[PDB]
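**Student:** A single structure is presented below for examination.
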Amino acid sequence: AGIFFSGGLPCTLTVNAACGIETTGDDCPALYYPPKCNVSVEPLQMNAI
Amino acid sequence: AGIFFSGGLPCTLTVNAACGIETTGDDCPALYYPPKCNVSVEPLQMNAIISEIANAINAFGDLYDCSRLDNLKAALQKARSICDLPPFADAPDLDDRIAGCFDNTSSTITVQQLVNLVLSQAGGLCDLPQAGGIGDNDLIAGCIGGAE
Amino acid sequence: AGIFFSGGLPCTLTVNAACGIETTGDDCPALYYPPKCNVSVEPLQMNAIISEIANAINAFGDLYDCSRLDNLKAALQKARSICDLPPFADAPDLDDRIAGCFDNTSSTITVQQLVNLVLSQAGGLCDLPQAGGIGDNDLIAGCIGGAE
Amino acid sequence: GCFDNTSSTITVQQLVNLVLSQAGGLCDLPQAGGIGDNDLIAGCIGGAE
Amino acid sequence: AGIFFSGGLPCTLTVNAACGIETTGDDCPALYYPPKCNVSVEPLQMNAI
C-alpha cells in the first residue's frame, strides 16, 4: 500500500491523520497506524518514505 | 467507532436498539452489542459517551459541578429561555428578521413584511368624523410650502 | 466523582477524551477509563449518566416512556419549537422585548424600537395623488370642530 | 418575545392595535400661518385620498 | 425496561440516583444499579442509552 500502512485505520478513526487524500480508488486505500497500546511501526512501510 | 460498538450488529438483529440512524459515510456504521451472555461494555466507548455529554453540558459556558445531578436539564431549560437573550442597540433595517410562528411553523419574517402588514391597516380618511359646520378652528391640512 | 470515573487518567493520556472541560475546581476533575483491554466499567458511574438523561427528558414536564427510543429527541425539539410557546393573556407594553436575528445575532429589542422603525415607511400626505378639480359634493379633511 | 419577563407569544393583531393607537392623527399636525400659491390641499377626490 | 436497569433498586437505596423521576406508570419503574460489590453493567441496557 505504498507509504500507507495496510491493515491500519482510516484517517477519521485515528489522530494525526488527514482527510482529503486524493487517490486511485480502492487500489490506494488511505490507512493509518491505530492508537492501540502495543503496536510498533512496520519496517517496510518506511521503505516507501 | 464514536459511540457505537465497533464489532457490533445492526439494529435489526439486536434488542432495545433504535433504527434508521444517519451518519457520514460508512466510517460510522451504527452498531450495538448482541444479546450474548459473554460480552461486556467496552470502556473506550463509554469514554466517548462521557465526552459527548460533558461537551453538551458546557455548551453555554456554565461550570460542571459533580455534586449536582441535573446539569443537562438546566442547559436545556436555558436554551428555551427567550428572556435570557442579550439586548441590542443599533436600530435594525427592514431586512433584519424577526422570529414568530406562522402557519404553525417556527420561521422568521423580514421586518419589511411586518411594516407592510402594519401600515396596510392604517385605515383611511373616510373613517374620520364630520363636522358639517365650519369654524375658524378648521386648521385645514395641506402641503404648505412643501412641509405638511 | 459525578459522571467522571475517579481514579482514571487525564484526557491527554487516552482515547475519545474531551479536552479543556471546565469545572468547579479540582473537586470535579476530568478522568477517563484507560486504554487497557481488561478494565471493566463501574456500575455506579452508569447510575450517574442515567440520572442526567432522565432529568433532561423531564426538563419540560414530560413523562418518560420505556417503550420508545426517541424521548430525548422530542424533549429537545420542543425547546426549539416556537409554535408551542404559551400565549400571553394580556396586552403588551413598550418595555416588552422581541427577539430577532439583528446583525446576525439572536438579540432582544424593546417594542419602542420597532414602533419607531415603523414610522420609516409611514409616509405623509405629500405622497397622495392630485386631481385638477373636485366636485362641490366631495369631501375635505382638516382639524375641524376640535377633532380630526 | 419576552412579554412581562415571561416567554410567550401574541397575535399580530394585538401589536397592530398598539402601533396604530400610538401612530397619531391629523390634529397632531403643525399649524401653518399663511397660505401660498404653490401649495396643495389635502382632500378626498371622489372617494380617494 | 428502557434505560433503567431492570432489577435495580429505587433511588433512595443507592448512590448517584436521581430522585422523583416521572414515568407513564408502573410499567416503567425507575430503578438503578445497586451498590453491591459484585454487579456488572448489562449490555442490552447499554444499547438503550
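All residue names refer to the C-alpha cells as shown: chains lettered A, B, ... in order, residues numbered from 1 in each chain, ligands numbered from 1 in order.
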Using only C-alpha atoms, find which residues of chain B lie within 6 Å of chain C and jot them down as a list in words.
**Tutor:** residues 47, 48, 51, 63, 64, 65, 66, 70, 72, 73, 80, 85, 86, 87, 88, 96, 97, 98, 99, 101, 104, 106, 115, 131, 138, 139, 140 and 141 of chain B
**Student:** Counting only C-alpha atoms, which residues from chain D have an atom at most 9 Å from any atom of chain B, and could you show them as a ChimeraX atom specification?
**Tutor:** /D:1-3,5-9,12,15-16,19-20,23,26-27,29-32,34-44,47-49
**Student:** Find the spatial neighbours of segment 9-14 of chain A, counting only C-alpha atoms, within a cut-off of 6 Å - ignore same-chain residues fewer than 3 positions away - and output them as a ChimeraX atom specification.
**Tutor:** /A:17-18,31-32,34
**Student:** Can you give me chain C superposed onto chain B, least-squares on all Cα in order, written as a short mmCIF file (atom, residue, chain, number, x, y, z; two decimals) with C-alpha atoms, in the first residue's frame?
**Tutor:**
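Output file superposed-v8.cif follows:
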data_model
loop_
_atom_site.label_atom_id
_atom_site.label_comp_id
_atom_site.auth_asym_id
_atom_site.auth_seq_id
_atom_site.Cartn_x
_atom_site.Cartn_y
_atom_site.Cartn_z
CA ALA C 1 -15.75 3.29 16.98
CA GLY C 2 -17.03 6.47 18.59
CA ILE C 3 -20.02 5.71 20.78
CA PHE C 4 -20.73 2.44 18.94
CA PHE C 5 -19.28 -0.77 20.36
CA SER C 6 -17.13 -2.09 17.54
CA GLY C 7 -17.37 -5.82 16.99
CA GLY C 8 -21.04 -5.92 17.97
CA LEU C 9 -24.11 -6.73 15.89
CA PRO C 10 -26.38 -4.68 13.62
CA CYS C 11 -29.64 -3.25 14.85
CA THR C 12 -31.90 -5.97 13.46
CA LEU C 13 -30.33 -8.71 15.61
CA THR C 14 -30.71 -7.36 19.15
CA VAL C 15 -32.89 -5.29 21.48
CA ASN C 16 -33.15 -1.58 22.20
CA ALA C 17 -31.49 -0.86 18.86
CA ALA C 18 -31.95 2.46 17.07
CA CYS C 19 -32.76 1.80 13.42
CA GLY C 20 -31.90 3.67 10.25
CA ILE C 21 -29.14 5.73 11.85
CA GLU C 22 -27.31 7.61 9.10
CA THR C 23 -23.57 8.19 9.39
CA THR C 24 -20.51 9.30 7.43
CA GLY C 25 -20.05 5.99 5.66
CA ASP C 26 -19.18 2.52 6.87
CA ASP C 27 -16.32 3.92 8.96
CA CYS C 28 -18.95 4.90 11.57
CA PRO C 29 -21.23 1.86 11.54
CA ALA C 30 -24.07 1.04 13.91
CA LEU C 31 -23.23 -1.80 16.28
CA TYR C 32 -24.68 -2.80 19.63
CA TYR C 33 -24.10 -5.20 22.48
CA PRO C 34 -25.54 -8.68 21.85
CA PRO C 35 -28.36 -10.06 24.02
CA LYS C 36 -26.16 -12.57 25.86
CA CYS C 37 -26.19 -12.52 29.65
CA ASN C 38 -22.40 -12.64 30.18
CA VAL C 39 -20.92 -9.81 28.10
CA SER C 40 -19.43 -6.83 29.94
CA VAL C 41 -19.47 -3.19 28.91
CA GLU C 42 -16.21 -1.82 27.53
CA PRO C 43 -14.96 1.19 29.54
CA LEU C 44 -13.45 3.11 26.63
CA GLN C 45 -16.94 3.31 25.17
CA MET C 46 -18.19 4.80 28.42
CA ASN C 47 -15.43 7.37 27.99
CA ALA C 48 -16.94 8.41 24.66
CA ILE C 49 -20.46 8.98 25.99
CA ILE C 50 -19.14 11.05 28.89
CA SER C 51 -17.39 13.30 26.39
CA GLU C 52 -20.56 13.95 24.39
CA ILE C 53 -22.68 14.91 27.38
CA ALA C 54 -19.92 17.01 28.93
CA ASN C 55 -19.51 18.88 25.65
CA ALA C 56 -23.27 19.38 25.45
CA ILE C 57 -23.42 20.95 28.91
CA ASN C 58 -20.81 23.51 27.86
CA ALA C 59 -22.62 24.36 24.61
CA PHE C 60 -23.42 27.81 26.05
CA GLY C 61 -20.30 28.54 28.06
CA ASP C 62 -21.78 26.98 31.19
CA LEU C 63 -19.73 25.41 33.98
CA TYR C 64 -20.26 21.79 34.91
CA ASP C 65 -21.01 21.05 38.55
CA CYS C 66 -20.87 17.52 39.93
CA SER C 67 -23.08 18.36 42.93
CA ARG C 68 -26.26 18.59 40.83
CA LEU C 69 -28.12 16.21 38.52
CA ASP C 70 -29.86 18.74 36.26
CA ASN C 71 -26.94 20.28 34.37
CA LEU C 72 -28.07 19.26 30.89
CA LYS C 73 -31.65 20.24 31.72
CA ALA C 74 -30.77 23.90 32.25
CA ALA C 75 -28.34 24.02 29.33
CA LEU C 76 -31.20 22.74 27.17
CA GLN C 77 -33.84 25.08 28.59
CA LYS C 78 -31.62 28.08 27.85
CA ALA C 79 -31.60 27.15 24.17
CA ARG C 80 -35.38 27.45 23.90
CA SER C 81 -35.69 30.41 26.29
CA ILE C 82 -36.04 33.50 24.10
CA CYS C 83 -36.05 35.82 27.12
CA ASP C 84 -32.32 35.24 27.67
CA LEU C 85 -31.20 36.15 24.16
CA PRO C 86 -28.78 39.07 23.88
CA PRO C 87 -30.16 42.51 22.98
CA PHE C 88 -29.02 44.28 19.84
CA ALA C 89 -27.06 47.47 20.48
CA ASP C 90 -28.08 49.42 17.35
CA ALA C 91 -31.10 50.17 15.17
CA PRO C 92 -32.57 47.58 12.80
CA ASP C 93 -32.50 47.46 9.00
CA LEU C 94 -35.04 46.69 6.31
CA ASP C 95 -33.13 43.47 5.60
CA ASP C 96 -33.23 42.28 9.22
CA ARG C 97 -35.43 39.20 9.51
CA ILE C 98 -37.98 38.24 12.16
CA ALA C 99 -38.97 34.66 12.93
CA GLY C 100 -42.58 33.60 13.24
CA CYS C 101 -45.10 30.77 13.09
CA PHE C 102 -46.36 31.78 9.65
CA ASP C 103 -48.21 29.01 7.81
CA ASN C 104 -47.60 26.65 10.75
CA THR C 105 -43.87 26.87 10.11
CA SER C 106 -40.97 28.43 12.00
CA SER C 107 -39.74 30.72 9.22
CA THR C 108 -38.06 34.10 8.75
CA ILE C 109 -39.49 37.29 7.25
CA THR C 110 -37.70 40.54 6.50
CA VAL C 111 -38.72 43.80 8.14
CA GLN C 112 -40.12 45.09 4.85
CA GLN C 113 -42.85 42.45 4.76
CA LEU C 114 -43.99 43.50 8.23
CA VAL C 115 -43.79 47.20 7.32
CA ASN C 116 -46.00 46.64 4.28
CA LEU C 117 -48.44 44.48 6.25
CA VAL C 118 -48.79 47.33 8.74
CA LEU C 119 -50.39 49.51 6.06
CA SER C 120 -53.37 47.13 5.85
CA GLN C 121 -54.91 48.72 8.96
CA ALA C 122 -53.28 52.14 8.49
CA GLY C 123 -56.48 53.68 7.14
CA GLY C 124 -57.09 57.05 5.55
CA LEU C 125 -58.72 60.35 6.38
CA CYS C 126 -61.96 59.12 4.79
CA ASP C 127 -62.64 57.25 8.04
CA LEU C 128 -62.52 60.38 10.18
CA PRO C 129 -65.87 61.51 11.64
CA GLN C 130 -67.85 64.47 10.29
CA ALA C 131 -69.48 67.54 11.82
CA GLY C 132 -72.04 70.02 10.54
CA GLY C 133 -70.05 73.13 11.41
CA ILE C 134 -66.68 74.42 12.53
CA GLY C 135 -65.90 77.55 14.50
CA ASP C 136 -63.74 80.30 13.06
CA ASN C 137 -61.30 79.59 15.91
CA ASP C 138 -60.86 75.88 15.10
CA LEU C 139 -58.06 74.34 13.04
CA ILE C 140 -57.52 73.15 9.47
CA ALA C 141 -54.77 70.99 7.96
CA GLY C 142 -53.13 70.71 4.57
CA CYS C 143 -49.91 71.10 2.62
CA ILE C 144 -49.45 74.57 4.07
CA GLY C 145 -46.28 76.59 3.60
CA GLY C 146 -44.34 73.76 1.98
CA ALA C 147 -44.84 71.39 4.92
CA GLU C 148 -47.53 69.44 6.74
#
**Student:** Just give me the gap between atom CA of residue 28 of chain A and atom CA of residue 1 of chain A in Å, one decimal is fine.
**Tutor:** 6.5 Å
**Student:** With only C-alpha atoms counted and 9 Å as the cut-off, give the residues of chain E in contact with chain B, each with its shortest interatomic distance in Å and the pair that gives it, as CSV.
**Tutor:**
residue,atom,partner,partner_atom,distance
E:1,CA,B:16,CA,8.8
E:2,CA,B:16,CA,7.2
E:16,CA,B:69,CA,7.8
E:17,CA,B:69,CA,8.3
E:18,CA,B:69,CA,6.8
E:40,CA,B:40,CA,8.3
E:41,CA,B:41,CA,7.1
E:42,CA,B:40,CA,7.1
E:43,CA,B:41,CA,6.1
E:44,CA,B:16,CA,6.6
E:45,CA,B:16,CA,7.5
E:46,CA,B:41,CA,7.8
E:47,CA,B:17,CA,5.7
E:48,CA,B:16,CA,5.8
E:49,CA,B:17,CA,8.9
**Student:** I'd like to know which residues of segment 37-137 of chain B are alpha helix (DSSP H) (by DSSP, run on the backbone); could you write them as an NGL selection string?
**Tutor:** :B and (43-57 or 71-79 or 111-119)
**Student:** Store the residues of this selection in a file with N, CA, C and O atoms, as a compact mmCIF listing (two decimals), in the first residue's frame.
**Tutor:**
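Here's the written file again_0.txt:
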# COMPACT_ATOMS: atom_id res chain seq x y z
N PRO B 43 -14.79 -0.07 27.54
CA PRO B 43 -14.63 1.23 28.21
C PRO B 43 -14.47 2.42 27.28
O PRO B 43 -15.08 3.47 27.52
N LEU B 44 -13.69 2.29 26.20
CA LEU B 44 -13.44 3.44 25.34
C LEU B 44 -14.74 4.02 24.81
O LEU B 44 -14.90 5.24 24.72
N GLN B 45 -15.68 3.15 24.44
CA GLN B 45 -16.99 3.63 24.00
C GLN B 45 -17.69 4.41 25.11
O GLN B 45 -18.29 5.47 24.87
N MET B 46 -17.61 3.91 26.34
CA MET B 46 -18.14 4.68 27.47
C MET B 46 -17.42 6.01 27.59
O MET B 46 -18.04 7.03 27.94
N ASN B 47 -16.12 6.04 27.31
CA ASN B 47 -15.41 7.30 27.30
C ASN B 47 -15.99 8.25 26.27
O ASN B 47 -16.11 9.46 26.51
N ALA B 48 -16.36 7.72 25.10
CA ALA B 48 -16.95 8.56 24.07
C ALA B 48 -18.25 9.19 24.57
O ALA B 48 -18.49 10.38 24.39
N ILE B 49 -19.09 8.38 25.22
CA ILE B 49 -20.34 8.93 25.75
C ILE B 49 -20.06 10.01 26.78
O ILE B 49 -20.72 11.06 26.81
N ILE B 50 -19.10 9.75 27.68
CA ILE B 50 -18.77 10.76 28.69
C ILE B 50 -18.36 12.05 28.01
O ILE B 50 -18.81 13.14 28.38
N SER B 51 -17.49 11.95 27.01
CA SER B 51 -17.04 13.15 26.31
C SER B 51 -18.21 13.90 25.71
O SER B 51 -18.33 15.12 25.85
N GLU B 52 -19.11 13.18 25.04
CA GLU B 52 -20.21 13.84 24.35
C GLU B 52 -21.10 14.57 25.34
O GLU B 52 -21.43 15.75 25.15
N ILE B 53 -21.50 13.90 26.43
CA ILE B 53 -22.41 14.54 27.37
C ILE B 53 -21.72 15.68 28.10
O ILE B 53 -22.33 16.72 28.37
N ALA B 54 -20.44 15.52 28.44
CA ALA B 54 -19.73 16.60 29.11
C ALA B 54 -19.65 17.82 28.21
O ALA B 54 -19.86 18.95 28.67
N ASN B 55 -19.36 17.62 26.92
CA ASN B 55 -19.37 18.74 26.00
C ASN B 55 -20.74 19.38 25.94
O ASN B 55 -20.87 20.61 25.95
N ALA B 56 -21.79 18.56 25.91
CA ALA B 56 -23.14 19.11 25.86
C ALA B 56 -23.40 20.00 27.07
O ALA B 56 -23.98 21.09 26.93
N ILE B 57 -22.97 19.57 28.25
CA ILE B 57 -23.27 20.34 29.45
C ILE B 57 -22.61 21.71 29.38
O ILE B 57 -23.20 22.72 29.80
N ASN B 71 -27.44 18.88 35.56
CA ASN B 71 -26.75 19.88 34.76
C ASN B 71 -27.32 19.94 33.35
O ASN B 71 -27.60 21.03 32.83
N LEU B 72 -27.52 18.79 32.72
CA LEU B 72 -28.07 18.80 31.37
C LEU B 72 -29.46 19.41 31.35
O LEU B 72 -29.80 20.17 30.44
N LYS B 73 -30.28 19.09 32.35
CA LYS B 73 -31.63 19.65 32.39
C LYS B 73 -31.57 21.17 32.48
O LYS B 73 -32.35 21.87 31.81
N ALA B 74 -30.66 21.70 33.29
CA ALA B 74 -30.50 23.15 33.35
C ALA B 74 -30.12 23.71 31.99
O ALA B 74 -30.65 24.74 31.56
N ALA B 75 -29.21 23.03 31.29
CA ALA B 75 -28.80 23.51 29.97
C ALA B 75 -29.98 23.56 29.02
O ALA B 75 -30.18 24.56 28.32
N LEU B 76 -30.79 22.50 28.99
CA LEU B 76 -31.96 22.51 28.12
C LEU B 76 -32.90 23.64 28.50
O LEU B 76 -33.38 24.39 27.64
N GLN B 77 -33.19 23.79 29.79
CA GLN B 77 -34.12 24.82 30.22
C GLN B 77 -33.59 26.21 29.90
O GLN B 77 -34.37 27.16 29.77
N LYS B 78 -32.27 26.36 29.78
CA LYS B 78 -31.72 27.66 29.46
C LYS B 78 -31.89 28.01 27.99
O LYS B 78 -32.10 29.17 27.65
N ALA B 79 -31.79 27.02 27.11
CA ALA B 79 -31.91 27.31 25.68
C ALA B 79 -33.28 27.89 25.35
O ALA B 79 -33.38 28.86 24.59
N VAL B 111 -38.57 42.34 8.60
CA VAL B 111 -39.29 43.49 9.12
C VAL B 111 -40.05 44.20 8.01
O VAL B 111 -41.07 44.84 8.27
N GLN B 112 -39.58 44.08 6.77
CA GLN B 112 -40.27 44.70 5.65
C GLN B 112 -41.71 44.21 5.56
O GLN B 112 -42.65 45.01 5.49
N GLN B 113 -41.91 42.89 5.56
CA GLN B 113 -43.26 42.36 5.51
C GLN B 113 -44.07 42.84 6.71
O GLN B 113 -45.26 43.14 6.59
N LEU B 114 -43.44 42.90 7.88
CA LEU B 114 -44.14 43.38 9.06
C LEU B 114 -44.60 44.82 8.87
O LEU B 114 -45.75 45.17 9.17
N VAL B 115 -43.72 45.68 8.36
CA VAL B 115 -44.08 47.08 8.16
C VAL B 115 -45.21 47.19 7.15
O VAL B 115 -46.15 47.97 7.33
N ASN B 116 -45.14 46.40 6.07
CA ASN B 116 -46.20 46.44 5.08
C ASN B 116 -47.53 46.00 5.68
O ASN B 116 -48.57 46.61 5.42
N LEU B 117 -47.51 44.95 6.50
CA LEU B 117 -48.74 44.46 7.10
C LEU B 117 -49.27 45.38 8.18
O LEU B 117 -50.46 45.32 8.51
N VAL B 118 -48.42 46.23 8.75
CA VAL B 118 -48.86 47.18 9.77
C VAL B 118 -49.47 48.40 9.10
O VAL B 118 -50.61 48.78 9.39
N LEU B 119 -48.70 49.03 8.21
CA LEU B 119 -49.18 50.24 7.56
C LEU B 119 -50.41 49.97 6.70
O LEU B 119 -51.29 50.83 6.58
**Student:** In Å, rounded to a single decimal, give me how far atom CA of residue 24 of chain D is from atom CA of residue 46 of chain D.
**Tutor:**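 Computing the Euclidean distance for atom CA of residue 46 of chain D and atom CA of residue 24 of chain D yields 24.8 Å.
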**Student:** Among chain D, which ones does DSSP place in strand (DSSP E), written as a VMD selection string?
**Tutor:** chain D and resid 2 to 3 6 to 7 40 to 41 43 to 44
**Student:** Write out the residues from the selection above, keeping N, CA and C atoms, as a PDB file, in the first residue's frame.
**Tutor:**
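selection_18.pdb, written as the output of this step:
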ATOM      1  N   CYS D   2     -40.372  38.401  24.811  1.00  0.00           N
ATOM      2  CA  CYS D   2     -40.414  38.475  26.269  1.00  0.00           C
ATOM      3  C   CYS D   2     -41.505  39.456  26.667  1.00  0.00           C
ATOM      4  N   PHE D   3     -42.657  38.930  27.073  1.00  0.00           N
ATOM      5  CA  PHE D   3     -43.795  39.750  27.467  1.00  0.00           C
ATOM      6  C   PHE D   3     -43.913  39.719  28.985  1.00  0.00           C
ATOM      7  N   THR D   6     -41.884  37.189  30.824  1.00  0.00           N
ATOM      8  CA  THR D   6     -42.391  35.837  30.651  1.00  0.00           C
ATOM      9  C   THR D   6     -42.354  35.476  29.175  1.00  0.00           C
ATOM     10  N   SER D   7     -41.707  34.361  28.855  1.00  0.00           N
ATOM     11  CA  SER D   7     -41.676  33.889  27.479  1.00  0.00           C
ATOM     12  C   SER D   7     -43.088  33.516  27.046  1.00  0.00           C
ATOM     13  N   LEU D  40     -50.584  72.693  -1.943  1.00  0.00           N
ATOM     14  CA  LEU D  40     -51.504  71.656  -2.386  1.00  0.00           C
ATOM     15  C   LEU D  40     -52.383  71.269  -1.207  1.00  0.00           C
ATOM     16  N   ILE D  41     -53.686  71.173  -1.451  1.00  0.00           N
ATOM     17  CA  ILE D  41     -54.673  70.963  -0.400  1.00  0.00           C
ATOM     18  C   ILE D  41     -55.010  69.484  -0.313  1.00  0.00           C
ATOM     19  N   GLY D  43     -57.512  66.482   0.427  1.00  0.00           N
ATOM     20  CA  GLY D  43     -58.938  66.217   0.397  1.00  0.00           C
ATOM     21  C   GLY D  43     -59.207  64.895  -0.282  1.00  0.00           C
ATOM     22  N   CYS D  44     -60.482  64.524  -0.301  1.00  0.00           N
ATOM     23  CA  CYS D  44     -60.924  63.274  -0.901  1.00  0.00           C
ATOM     24  C   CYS D  44     -61.404  63.550  -2.321  1.00  0.00           C
TER      25      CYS D  44
END
